[PDB]
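Undergrad: Would you mind keeping the following structure in view while I ask a few things?
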Amino acid sequence: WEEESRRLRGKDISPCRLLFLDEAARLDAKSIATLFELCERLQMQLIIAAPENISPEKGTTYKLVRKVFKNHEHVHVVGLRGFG
Amino acid sequence: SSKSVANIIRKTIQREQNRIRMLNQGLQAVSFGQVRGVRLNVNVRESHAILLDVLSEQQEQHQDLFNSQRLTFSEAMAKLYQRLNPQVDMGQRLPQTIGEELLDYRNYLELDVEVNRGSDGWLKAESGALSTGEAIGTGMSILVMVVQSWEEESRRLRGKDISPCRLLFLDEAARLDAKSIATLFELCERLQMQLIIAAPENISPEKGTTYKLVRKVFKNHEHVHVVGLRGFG
Amino acid sequence: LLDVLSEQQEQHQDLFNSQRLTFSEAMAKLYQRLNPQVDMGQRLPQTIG
Amino acid sequence: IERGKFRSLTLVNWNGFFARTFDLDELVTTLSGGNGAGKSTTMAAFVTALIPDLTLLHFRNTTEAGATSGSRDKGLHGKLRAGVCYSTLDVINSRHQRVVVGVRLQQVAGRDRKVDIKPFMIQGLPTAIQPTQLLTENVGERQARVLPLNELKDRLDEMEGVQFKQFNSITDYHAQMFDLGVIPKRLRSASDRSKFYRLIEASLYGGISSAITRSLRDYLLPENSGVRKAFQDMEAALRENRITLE
Amino acid sequence: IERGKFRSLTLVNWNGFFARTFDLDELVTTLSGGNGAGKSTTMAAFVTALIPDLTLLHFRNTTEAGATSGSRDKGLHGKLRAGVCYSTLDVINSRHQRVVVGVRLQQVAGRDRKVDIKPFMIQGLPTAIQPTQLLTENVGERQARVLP
Amino acid sequence: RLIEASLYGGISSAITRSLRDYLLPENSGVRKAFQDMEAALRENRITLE
Amino acid sequence: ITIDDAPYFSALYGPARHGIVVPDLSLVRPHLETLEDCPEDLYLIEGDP
Amino acid sequence: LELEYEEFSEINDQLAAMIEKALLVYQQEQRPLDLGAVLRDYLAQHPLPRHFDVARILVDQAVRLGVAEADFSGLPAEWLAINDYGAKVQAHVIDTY
Amino acid sequence: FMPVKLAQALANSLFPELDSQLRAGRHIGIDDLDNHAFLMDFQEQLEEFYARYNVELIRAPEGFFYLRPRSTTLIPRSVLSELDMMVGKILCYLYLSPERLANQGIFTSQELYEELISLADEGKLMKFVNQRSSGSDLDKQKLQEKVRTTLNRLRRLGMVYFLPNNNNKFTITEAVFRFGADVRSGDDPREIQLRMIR
Amino acid sequence: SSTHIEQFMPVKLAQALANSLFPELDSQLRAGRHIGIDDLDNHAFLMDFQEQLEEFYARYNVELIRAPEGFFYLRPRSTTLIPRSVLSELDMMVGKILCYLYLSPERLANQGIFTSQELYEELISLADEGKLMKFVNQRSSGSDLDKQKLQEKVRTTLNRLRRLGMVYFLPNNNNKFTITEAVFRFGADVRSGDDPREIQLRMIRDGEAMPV
Ligand SMILES: Nc1ncnc2c1ncn2[C@@H]1O[C@H](COP(=O)(O)OP(=O)(O)OP(=O)(O)O)[C@@H](O)[C@H]1O
Ligand SMILES: Nc1ncnc2c1ncn2[C@@H]1O[C@H](COP(=O)(O)OP(=O)(O)OP(=O)(O)O)[C@@H](O)[C@H]1O
Ligand SMILES: [Mg+2]
Ligand SMILES: [Mg+2]
């Protein structure tokens, strides 16, 4: 699709690239390594989700915890880092 | 005639309600994400409740329709049911079949599944209104309901000293978090029910037996190397 | 089929002595013309022509 | 008291498994390995041995978990290998009787991907003999030879007290399994088989099953005859008279 | 040429989120947490802000994937709270221009669980302004309010 | 379709079934020449019918 | 009851198999004189039904 | 408020490093490897709560080295004990490197 | 090709009739034994069949089936009158608890006429008949005539079943809930229904 | 074998119903639209599966009919599952005039493009103007306001005939339009040179036409 629109687009704009994948836990370490190298070679952004932190040494990560609180719900978000 | 039929139907209904209520208690306080309990809600349809009451107490008002020997009992039941709730239509089907439908007690009951989610009360379980793990956990709950019911059903046809085996699966088990897996283990253990779960190594349950698999090529053929561990804990 | 339609009688009659190409076949595709077995609908697909 | 247990699962000459036996846990057994290692294959073996009905058996991929029938391929053929294949279960009842139940599998030759299946059961086997030993010959070659049902029948009949039963219909096989307490309900008819398979496969893929949810009363409530047969007998005189008149 | 990138995602008054902003990564961004934490909800908010066509949006469970169901409920309404809601994206263009696209979402009163969407776009916003603050008013002692 | 298939992951049934429609782009130069032949073939259809 | 205990119980209860359980047996004493339509030998037992 | 942070522990990676270095000798000499003996010797070097993880990691490293030719004999292997408190292992000896 | 079960479903003798009815906008309740069972059995395929028309086949949570057209509907659409929704919301209110003891499920035209006149505001009543009207006998007669007319329209929709005789007495079906209010945790149906009627 | 389309339906009929053209066509047909030779897609489709469609619709107690001029339409029976309606007498006047216009070789040079004014002029040339005016208003006596009212009613009925598929307006000009062969149904009372009464009886017997 990006190649098709080369004619219509202005010369100086390259469109953004982004994809998703839910339940990433279904993939093993080798598969995720393959996926990361593919997407980085293509300048492709990814957003993935998994119950457990399946990607500790690449990109950014957020941890979500839901708290019941005064008869309603609230989500607490904290970041994670590769090394400490 | 009349009252006695109503009494047998009522007792059958009562026994089913009580058994369900007993099964229902085993599922209290099961934690799956924000779900905290599961129930099988049993209710009686109105159009049949009034029919059952009429057959119990107003029989002198309809005895003409019951002792008329030109038609059989099931036909009498169908005709009485059409006399009540007259707006009901009949799909050109024999009154005999509608009668036998009225004779089957199950047709009087309405069944639902409910979950006690978060701050809210009891809600009907809809897949689209739950996360992934909550859906998996609820499915397991209903499945154990079915298994218990079937074992109670068949025991009257089995030897006095026979207890059937119980086993269930779970593929791609990595979708459940540790807390949910603890809940599931507790359930199956309390139910004496075996489990076989598959996960790409992401989960390492300490209890039970574990098998490590690795696929290789040997003499130009696919071969699976297998190793096992057990007894920890 | 593109070869059949492209190359015309007067020059290529000397070429047409091959067993695979003839003029009548364009009308033979009238059978295929009536309805191909298309499945999913968007925009507008219709026929061999 | 003392509920029965499944003891082991054995595969012979499946894709990636020439001869493998898994010792099942009393509570939890966990299969673990990288993608494509063969986990789902083992569960396929288990269920196919449990319910050997080719009309129901359909191992669709986990992705696209809920779609229609779609292809004509049921996904089983590719898991076998050329030659003869087996899948067997080992069970211990409350009576502590050791019973071995299983099926023999073979790829039917042709353009299409079809399979042939035959159930069987063995009783009275000594505790000292394992299934893999029964089903293979240790010939001089590097790799053993899997022996067909003829050799197996001859080999078993030679044993003292061991009985080998080979079934012609699935109904008989399920009847025997129920009588020995291997399953919780005796699968009277194809509809019962379908519901039992629904239960198993819904557990396998996971999630709130649509089919279970639709027919909830059909699954959770037993059918009671008492309310009916009285009225069938009382109704009999009229039924016969009506039929005679017609 | 330098390809464009998504800088961040913002949610306001969603189910469980009052006002939260996720800063995306250049290559990979991961969301973790126990079941029911809210990961799939974040995915849904992003895609809704990308394609607001309400005829298409249909958030099935991950189980039952690939089954064309025609479900009675598309699953979006329940992910929203009462009152006004937002979902916005910040993007850096190849021309190094900051543009903020988004949608205003709002439940419809009535028996049918319907939803209203109104897209919008902002250009030229100073780099120092955060969407979380732009979309809220500070009322009281650190007890901000959302504004239509 | 593209984004949803990515979100749930895997071989999307709808994508593969119509792969031509998704991958191959359309060309206007082909259309400009085919306009004339389109008129002609329409006319032929008319007659045939 | 199962088939294994059925013969035992049938032998145990003998003719009284088809009696009625009634926890007092004094409340029937007034009703009893009215029983002109009943099997020639009626059995009554006391206990929690 | 402003986002906080939390960090991971690399103890298991270190454990994998010690085990792989300790095990490399078997391949280099092509010495037959028995999981029973190796696990029994190696678990003695750590306390009981950590045994399970050590066993898992050791198996992960060991299976990459060759195959066991006995697997094609049709003869199942036995469950060997590897420590007190009752832990067991099942594996044929690794012969083909 | 075509899915086998879809071909089976539309081959059934009941389909033409039900098709005709549905296209008209009729609602299928639990009363219509055979039609309701047919829809229950073949829903998964009928939904796909009608999606080809840009029309949605919905099963209400109460249990009744009906069609909802999209903006791109292939079926010509039509729309109810204001007085029609007024009467519909009244019928939804009458689906009450004391109804069981008050009428045993069978109402009369007069119940609805008097309820409508008592509960609605005069201004919208005049807007219904004609703005030039003012509290006159002929206006009330015209309003009665219009009430009978719209009630027959609703009977066509399947909302209300007339008892089979010339007199105007009827029973209310569950499908009337389509006019009803939104329900929130713990809210009383009477109050919310009245709140919308106001 | 079992689970096989042929058990429940002919293959050609299922193939037709699965086509992408069917819903459009079905919808239209039910609404009373006539199908001529110009809308190729539809016409061709009809031709290809004629008998299957006929058999199908038969289920409804309706005849899918093919006029000699090559146009398709729906004729309901007395027991029809689908409602049936009749055209107004003004529609008939405009219909018979559109028919004569189609035949007229004198105007064939227009290439089918006619103007509302030409139609109106032809109509008043043939029918009794002052007596026809009675239908517009009971008091009409040739006043211009009443003449404009007549022209506006003609404009309205002509628009109804367009929905029935009997006439097509130009893409950019609404004062001009083109005819189609479907108009020949207005000549059903005279295509055979016989007793008008007997013809009329035959037509009412066939369900083609009702009196007023
Ligand atoms: N029907 C089949 N035809 C051909 N190859 C198959 C078939 N079924 C499975 N395979 C292959 O067999 C190997 C094992 O597949 P299997 O589904 O058992 O893997 P797995 O270990 O369960 O994987 P995962 O847990 O990641 O789904 C894979 O290479 C798969 O491609
Ligand atoms: N439409 C809805 N109506 C009501 N509650 C909903 C709805 N959608 C999601 N929820 C609830 O919101 C919470 C967040 O669900 P969500 O799927 O986003 O979580 P998650 O962290 O992605 O979980 P999982 O990884 O198990 O899919 C859960 O409690 C879910 O039950
Ligand atoms: Mg798998
Ligand atoms: Mg989720």
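In the structure tokens, the first chain shown is A, the next is B, and so on; residue numbers restart at 1 for each chain, and ligands run from 1 in the order shown.
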Find the residues near segment 47-58 of chain J: any atom within 12 Å, counting only C-alpha atoms, skip ones fewer than 3 places away on the same chain, and give them as an NGL selection string.
TA: (:C and (31-36)) or (:F and (49)) or (:I and (10-11 or 13 or 15-16)) or (:J and (9-17 or 19 or 22 or 25-26 or 29-30 or 35-37 or 40-44 or 61-66 or 70-77 or 79-82))
Undergrad: Export, as a PDB file, in the first residue's frame, the selected residues with C-alpha atoms.
TA:
ATOM      1  CA  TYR C  31     -20.549 -19.764 -22.110  1.00  0.00           C
ATOM      2  CA  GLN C  32     -18.050 -18.390 -19.604  1.00  0.00           C
ATOM      3  CA  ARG C  33     -19.562 -14.956 -20.238  1.00  0.00           C
ATOM      4  CA  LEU C  34     -22.878 -15.660 -18.506  1.00  0.00           C
ATOM      5  CA  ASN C  35     -21.746 -16.246 -14.898  1.00  0.00           C
ATOM      6  CA  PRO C  36     -18.366 -16.945 -13.254  1.00  0.00           C
TER       7      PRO C  36
ATOM      8  CA  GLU F  49     -29.046 -10.278 -25.428  1.00  0.00           C
TER       9      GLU F  49
ATOM     10  CA  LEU I  10     -34.229 -21.469   3.742  1.00  0.00           C
ATOM     11  CA  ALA I  11     -35.522 -24.688   2.156  1.00  0.00           C
ATOM     12  CA  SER I  13     -41.559 -24.565   4.408  1.00  0.00           C
ATOM     13  CA  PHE I  15     -39.303 -19.616   5.678  1.00  0.00           C
ATOM     14  CA  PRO I  16     -41.381 -17.703   3.096  1.00  0.00           C
TER      15      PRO I  16
ATOM     16  CA  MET J   9     -31.953 -27.481  -3.077  1.00  0.00           C
ATOM     17  CA  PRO J  10     -30.991 -27.626  -6.761  1.00  0.00           C
ATOM     18  CA  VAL J  11     -27.409 -26.510  -7.302  1.00  0.00           C
ATOM     19  CA  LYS J  12     -28.327 -23.876  -9.890  1.00  0.00           C
ATOM     20  CA  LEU J  13     -30.885 -22.272  -7.564  1.00  0.00           C
ATOM     21  CA  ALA J  14     -28.408 -22.082  -4.682  1.00  0.00           C
ATOM     22  CA  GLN J  15     -25.826 -20.696  -7.103  1.00  0.00           C
ATOM     23  CA  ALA J  16     -28.266 -17.974  -8.136  1.00  0.00           C
ATOM     24  CA  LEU J  17     -29.270 -17.026  -4.588  1.00  0.00           C
ATOM     25  CA  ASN J  19     -24.882 -14.215  -6.351  1.00  0.00           C
ATOM     26  CA  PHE J  22     -29.626 -11.116  -5.961  1.00  0.00           C
ATOM     27  CA  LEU J  25     -32.883  -7.416  -7.549  1.00  0.00           C
ATOM     28  CA  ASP J  26     -35.089  -9.143  -5.037  1.00  0.00           C
ATOM     29  CA  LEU J  29     -38.811  -6.853  -7.740  1.00  0.00           C
ATOM     30  CA  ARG J  30     -40.859  -7.063  -4.612  1.00  0.00           C
ATOM     31  CA  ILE J  35     -36.822  -5.021 -15.706  1.00  0.00           C
ATOM     32  CA  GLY J  36     -36.047  -4.195 -19.370  1.00  0.00           C
ATOM     33  CA  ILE J  37     -33.073  -4.765 -21.724  1.00  0.00           C
ATOM     34  CA  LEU J  40     -27.779  -5.357 -18.599  1.00  0.00           C
ATOM     35  CA  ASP J  41     -26.544  -6.699 -15.323  1.00  0.00           C
ATOM     36  CA  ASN J  42     -29.966  -7.409 -13.955  1.00  0.00           C
ATOM     37  CA  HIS J  43     -31.492  -8.541 -17.200  1.00  0.00           C
ATOM     38  CA  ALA J  44     -28.728 -10.968 -17.960  1.00  0.00           C
ATOM     39  CA  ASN J  61     -47.870 -17.593  -4.536  1.00  0.00           C
ATOM     40  CA  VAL J  62     -46.538 -15.102  -7.070  1.00  0.00           C
ATOM     41  CA  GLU J  63     -45.681 -15.543 -10.741  1.00  0.00           C
ATOM     42  CA  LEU J  64     -42.417 -14.208 -12.093  1.00  0.00           C
ATOM     43  CA  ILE J  65     -43.518 -13.239 -15.617  1.00  0.00           C
ATOM     44  CA  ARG J  66     -41.774 -12.485 -18.861  1.00  0.00           C
ATOM     45  CA  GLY J  70     -38.434  -9.133 -23.044  1.00  0.00           C
ATOM     46  CA  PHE J  71     -39.250  -7.459 -19.694  1.00  0.00           C
ATOM     47  CA  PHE J  72     -39.706  -9.270 -16.383  1.00  0.00           C
ATOM     48  CA  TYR J  73     -42.131  -8.466 -13.570  1.00  0.00           C
ATOM     49  CA  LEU J  74     -44.058  -9.917 -10.646  1.00  0.00           C
ATOM     50  CA  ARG J  75     -47.790 -10.743 -10.738  1.00  0.00           C
ATOM     51  CA  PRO J  76     -49.296 -11.807  -7.378  1.00  0.00           C
ATOM     52  CA  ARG J  77     -52.066 -14.458  -7.142  1.00  0.00           C
ATOM     53  CA  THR J  79     -53.613 -16.118  -2.299  1.00  0.00           C
ATOM     54  CA  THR J  80     -50.451 -14.039  -2.522  1.00  0.00           C
ATOM     55  CA  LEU J  81     -48.012 -13.855   0.323  1.00  0.00           C
ATOM     56  CA  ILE J  82     -46.985 -10.354  -0.917  1.00  0.00           C
TER      57      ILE J  82
END
Undergrad: Could you list, as an mmCIF file with C-alpha atoms, in the first residue's frame, all residues that come within 7 Å of ligand 1? Count only C-alpha atoms and all ligand atoms.
TA:
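File result-v4.cif, as written:
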data_model
loop_
_atom_site.group_PDB
_atom_site.id
_atom_site.type_symbol
_atom_site.label_atom_id
_atom_site.label_comp_id
_atom_site.auth_asym_id
_atom_site.auth_seq_id
_atom_site.Cartn_x
_atom_site.Cartn_y
_atom_site.Cartn_z
ATOM 1 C CA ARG A 26 1.550 -17.705 22.870
ATOM 2 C CA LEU A 27 4.981 -17.090 21.293
ATOM 3 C CA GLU B 172 -2.399 -22.276 25.669
ATOM 4 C CA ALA B 198 0.022 -27.008 27.747
ATOM 5 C CA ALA B 199 2.109 -23.852 27.920
ATOM 6 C CA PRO B 200 5.227 -22.689 26.060
ATOM 7 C CA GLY D 33 8.245 -26.896 24.935
ATOM 8 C CA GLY D 34 8.885 -24.307 22.243
ATOM 9 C CA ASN D 35 6.470 -23.535 19.454
ATOM 10 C CA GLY D 36 5.821 -26.467 17.156
ATOM 11 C CA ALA D 37 7.341 -28.960 19.598
ATOM 12 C CA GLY D 38 4.257 -31.199 19.632
ATOM 13 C CA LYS D 39 2.149 -30.455 22.716
ATOM 14 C CA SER D 40 -1.196 -30.092 20.955
ATOM 15 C CA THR D 41 -0.293 -33.292 19.107
ATOM 16 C CA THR D 42 -0.262 -35.229 22.376
ATOM 17 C CA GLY D 75 -6.302 -31.732 10.568
ATOM 18 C CA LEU D 76 -5.659 -35.289 11.801
ATOM 19 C CA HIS D 77 -4.074 -36.940 8.751
ATOM 20 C CA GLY D 78 -0.889 -34.890 8.917
ATOM 21 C CA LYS D 79 -0.141 -36.008 12.477
#
Undergrad: Could you list the protein, DNA and RNA residues that have any atom within 8 Å of ligand 2, counting only C-alpha atoms and all ligand atoms, and write them as an MDAnalysis selection string?
TA: (chainID A and resid 23 49:51 64) or (chainID B and resid 33:35 117:118 128:134 175:176) or (chainID E and resid 15:16 32:42 61:62 75:79)
Undergrad: Show me which bits of chain D are within 7 Å of chain B, counting only C-alpha atoms, as a PyMOL selection string.
TA: chain D and resi 1+3-5+16-17+25-35+37+39+94+181-185+200+203-209+216-217+219-220+222+227-228+235
Undergrad: For the selection you just gave me, I'd like the residues written to a file as a CSV table (one decimal), in the first residue's frame, keeping N, CA and C atoms.
TA:
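Writing the result to out27.csv gives the following:
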chain,number,residue,atom,x,y,z
D,1,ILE,N,-15.7,-44.6,47.2
D,1,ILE,CA,-14.4,-44.2,47.7
D,1,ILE,C,-13.3,-44.7,46.7
D,3,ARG,N,-11.7,-43.0,44.0
D,3,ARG,CA,-11.9,-42.7,42.6
D,3,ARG,C,-10.8,-43.3,41.7
D,4,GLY,N,-11.2,-43.7,40.5
D,4,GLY,CA,-10.2,-44.2,39.5
D,4,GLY,C,-9.4,-43.1,38.9
D,5,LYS,N,-8.3,-43.5,38.2
D,5,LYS,CA,-7.3,-42.6,37.7
D,5,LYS,C,-6.8,-43.1,36.3
D,16,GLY,N,6.8,-37.4,14.8
D,16,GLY,CA,7.7,-36.9,15.8
D,16,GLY,C,7.9,-37.9,17.0
D,17,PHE,N,7.0,-38.9,17.1
D,17,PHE,CA,7.0,-39.8,18.2
D,17,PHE,C,7.0,-41.2,17.6
D,25,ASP,N,0.1,-37.5,35.9
D,25,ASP,CA,0.1,-37.2,37.4
D,25,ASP,C,-1.3,-37.5,37.9
D,26,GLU,N,-1.4,-37.6,39.3
D,26,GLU,CA,-2.6,-37.8,39.9
D,26,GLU,C,-3.5,-36.5,39.9
D,27,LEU,N,-2.8,-35.3,39.9
D,27,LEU,CA,-3.5,-34.1,39.9
D,27,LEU,C,-3.3,-33.2,38.7
D,28,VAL,N,-2.0,-32.9,38.3
D,28,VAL,CA,-1.7,-32.0,37.3
D,28,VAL,C,-0.5,-32.5,36.5
D,29,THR,N,-0.6,-32.5,35.2
D,29,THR,CA,0.4,-32.9,34.2
D,29,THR,C,0.6,-31.7,33.3
D,30,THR,N,1.9,-31.2,33.2
D,30,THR,CA,2.2,-30.0,32.4
D,30,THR,C,3.1,-30.3,31.2
D,31,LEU,N,2.6,-30.0,30.0
D,31,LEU,CA,3.4,-30.2,28.8
D,31,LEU,C,4.1,-28.9,28.5
D,32,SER,N,5.4,-28.9,28.2
D,32,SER,CA,6.2,-27.7,28.0
D,32,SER,C,7.2,-27.9,26.9
D,33,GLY,N,7.3,-26.9,26.0
D,33,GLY,CA,8.2,-26.9,24.9
D,33,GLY,C,8.0,-25.8,23.9
D,34,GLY,N,9.0,-25.4,23.2
D,34,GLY,CA,8.9,-24.3,22.2
D,34,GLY,C,7.8,-24.5,21.2
D,35,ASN,N,7.5,-23.5,20.5
D,35,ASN,CA,6.5,-23.5,19.5
D,35,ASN,C,6.7,-24.7,18.5
D,37,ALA,N,6.7,-27.8,19.0
D,37,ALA,CA,7.3,-29.0,19.6
D,37,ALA,C,6.5,-30.2,19.5
D,39,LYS,N,3.0,-30.4,21.6
D,39,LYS,CA,2.1,-30.5,22.7
D,39,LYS,C,0.7,-30.8,22.3
D,94,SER,N,-11.6,-48.1,40.6
D,94,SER,CA,-11.7,-48.2,42.0
D,94,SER,C,-11.5,-49.7,42.5
D,181,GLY,N,-16.2,-47.9,34.3
D,181,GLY,CA,-16.0,-46.7,35.0
D,181,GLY,C,-14.9,-45.8,34.5
D,182,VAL,N,-14.7,-45.8,33.2
D,182,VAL,CA,-13.7,-44.9,32.6
D,182,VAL,C,-14.3,-43.6,32.1
D,183,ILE,N,-15.6,-43.5,31.9
D,183,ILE,CA,-16.3,-42.3,31.6
D,183,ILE,C,-17.6,-42.1,32.4
D,184,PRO,N,-18.1,-40.9,32.6
D,184,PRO,CA,-19.2,-40.7,33.6
D,184,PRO,C,-20.6,-40.9,33.0
D,185,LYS,N,-20.7,-41.2,31.8
D,185,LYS,CA,-22.0,-41.4,31.2
D,185,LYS,C,-21.9,-42.4,30.0
D,200,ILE,N,-15.5,-31.9,25.9
D,200,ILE,CA,-14.0,-32.1,25.9
D,200,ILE,C,-13.4,-31.0,25.1
D,203,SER,N,-13.5,-27.6,26.7
D,203,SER,CA,-12.4,-27.5,27.7
D,203,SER,C,-11.1,-27.3,27.1
D,204,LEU,N,-10.8,-28.0,26.0
D,204,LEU,CA,-9.5,-27.9,25.3
D,204,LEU,C,-9.2,-26.5,24.9
D,205,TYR,N,-10.0,-25.8,24.1
D,205,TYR,CA,-9.7,-24.5,23.6
D,205,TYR,C,-9.9,-23.4,24.7
D,206,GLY,N,-10.9,-23.6,25.6
D,206,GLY,CA,-11.1,-22.6,26.6
D,206,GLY,C,-12.1,-21.5,26.2
D,207,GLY,N,-12.7,-20.9,27.2
D,207,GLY,CA,-13.6,-19.8,27.0
D,207,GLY,C,-15.1,-20.3,27.3
D,208,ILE,N,-16.0,-19.4,27.5
D,208,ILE,CA,-17.4,-19.7,27.6
D,208,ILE,C,-17.9,-20.2,26.3
D,209,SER,N,-18.2,-21.5,26.3
D,209,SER,CA,-18.6,-22.2,25.1
D,209,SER,C,-20.0,-21.7,24.6
D,216,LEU,N,-28.2,-24.9,27.8
D,216,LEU,CA,-27.8,-25.1,29.2
D,216,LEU,C,-28.7,-26.2,29.9
D,217,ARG,N,-30.1,-26.1,29.7
D,217,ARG,CA,-30.9,-27.1,30.3
D,217,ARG,C,-30.7,-28.5,29.8
D,219,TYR,N,-27.9,-29.8,29.0
D,219,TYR,CA,-26.7,-30.3,29.6
D,219,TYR,C,-26.9,-30.6,31.1
D,220,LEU,N,-27.4,-29.6,31.9
D,220,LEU,CA,-27.4,-29.7,33.3
D,220,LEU,C,-28.5,-30.5,34.0
D,222,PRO,N,-31.1,-33.8,34.3
D,222,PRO,CA,-31.4,-35.2,33.8
D,222,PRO,C,-32.9,-35.3,33.4
D,227,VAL,N,-42.8,-39.1,35.2
D,227,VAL,CA,-43.9,-38.3,34.9
D,227,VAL,C,-44.7,-38.8,33.6
D,228,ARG,N,-44.0,-39.6,32.8
D,228,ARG,CA,-44.5,-39.9,31.5
D,228,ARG,C,-45.1,-41.3,31.3
D,235,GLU,N,-52.8,-44.1,28.0
D,235,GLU,CA,-53.1,-43.6,26.7
D,235,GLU,C,-53.2,-44.8,25.7
Undergrad: Show which residues sit within 12 Å of residue 189 of chain J, as a list in words. Count only C-alpha atoms, and ignore same-chain residues fewer than 2 positions away.
TA: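 Final neighbour list, sorted by chain and number: residues 92, 96, 184, 185, 186, 187, 191, 192, 193, 194, 195, 196, 197, 198, 199, 200, 201, 202, 203, 204, 208, 209 and 210 of chain J.
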Undergrad: Could you write out that same residue set with C-alpha atoms as an mmCIF file, in the first residue's frame?
TA:
data_model
loop_
_atom_site.group_PDB
_atom_site.id
_atom_site.type_symbol
_atom_site.label_atom_id
_atom_site.label_comp_id
_atom_site.auth_asym_id
_atom_site.auth_seq_id
_atom_site.Cartn_x
_atom_site.Cartn_y
_atom_site.Cartn_z
ATOM 1 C CA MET J 92 -53.099 4.987 -17.139
ATOM 2 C CA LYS J 96 -51.002 4.824 -22.763
ATOM 3 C CA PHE J 184 -46.240 -1.867 -23.574
ATOM 4 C CA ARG J 185 -48.220 -3.354 -20.660
ATOM 5 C CA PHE J 186 -50.593 -0.357 -21.007
ATOM 6 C CA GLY J 187 -51.625 -1.806 -24.433
ATOM 7 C CA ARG J 191 -52.835 -5.939 -28.684
ATOM 8 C CA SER J 192 -55.279 -8.520 -30.172
ATOM 9 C CA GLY J 193 -57.969 -7.301 -32.633
ATOM 10 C CA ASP J 194 -60.971 -8.804 -30.853
ATOM 11 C CA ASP J 195 -64.004 -7.894 -28.792
ATOM 12 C CA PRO J 196 -62.904 -5.461 -26.024
ATOM 13 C CA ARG J 197 -65.258 -7.046 -23.422
ATOM 14 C CA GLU J 198 -63.842 -10.524 -23.810
ATOM 15 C CA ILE J 199 -60.298 -9.197 -23.662
ATOM 16 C CA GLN J 200 -61.108 -7.356 -20.445
ATOM 17 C CA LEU J 201 -62.652 -10.516 -18.940
ATOM 18 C CA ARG J 202 -59.608 -12.528 -19.852
ATOM 19 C CA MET J 203 -57.311 -9.962 -18.251
ATOM 20 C CA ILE J 204 -59.243 -9.838 -14.977
ATOM 21 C CA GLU J 208 -53.442 -8.594 -14.900
ATOM 22 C CA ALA J 209 -56.043 -5.861 -14.358
ATOM 23 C CA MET J 210 -58.884 -4.716 -12.101
#
Undergrad: Compute the chain F side of the contact with chain J at 10 Å, counting only C-alpha atoms, and hand it back as a list in words.
TA: residues 42, 45, 46 and 49 of chain F
Undergrad: Those same residues - N, CA, C and O atoms - I'd like them written as a PDB file, in the first residue's frame.
TA:
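For reference, again-v6.pdb as written:
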ATOM      1  N   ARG F  42     -19.712  -3.595 -24.393  1.00  0.00           N
ATOM      2  CA  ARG F  42     -21.015  -3.279 -23.964  1.00  0.00           C
ATOM      3  C   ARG F  42     -21.997  -3.373 -25.100  1.00  0.00           C
ATOM      4  O   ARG F  42     -23.077  -3.978 -25.009  1.00  0.00           O
ATOM      5  N   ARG F  45     -22.675  -6.977 -26.035  1.00  0.00           N
ATOM      6  CA  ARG F  45     -23.541  -7.536 -25.070  1.00  0.00           C
ATOM      7  C   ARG F  45     -24.980  -7.237 -25.383  1.00  0.00           C
ATOM      8  O   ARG F  45     -25.870  -8.099 -25.334  1.00  0.00           O
ATOM      9  N   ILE F  46     -25.292  -6.012 -25.647  1.00  0.00           N
ATOM     10  CA  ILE F  46     -26.561  -5.533 -26.049  1.00  0.00           C
ATOM     11  C   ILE F  46     -27.127  -6.416 -27.125  1.00  0.00           C
ATOM     12  O   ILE F  46     -28.213  -7.017 -27.031  1.00  0.00           O
ATOM     13  N   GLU F  49     -27.896 -10.166 -26.238  1.00  0.00           N
ATOM     14  CA  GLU F  49     -29.046 -10.278 -25.428  1.00  0.00           C
ATOM     15  C   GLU F  49     -30.308 -10.198 -26.247  1.00  0.00           C
ATOM     16  O   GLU F  49     -31.272 -10.960 -26.066  1.00  0.00           O
TER      17      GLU F  49
END
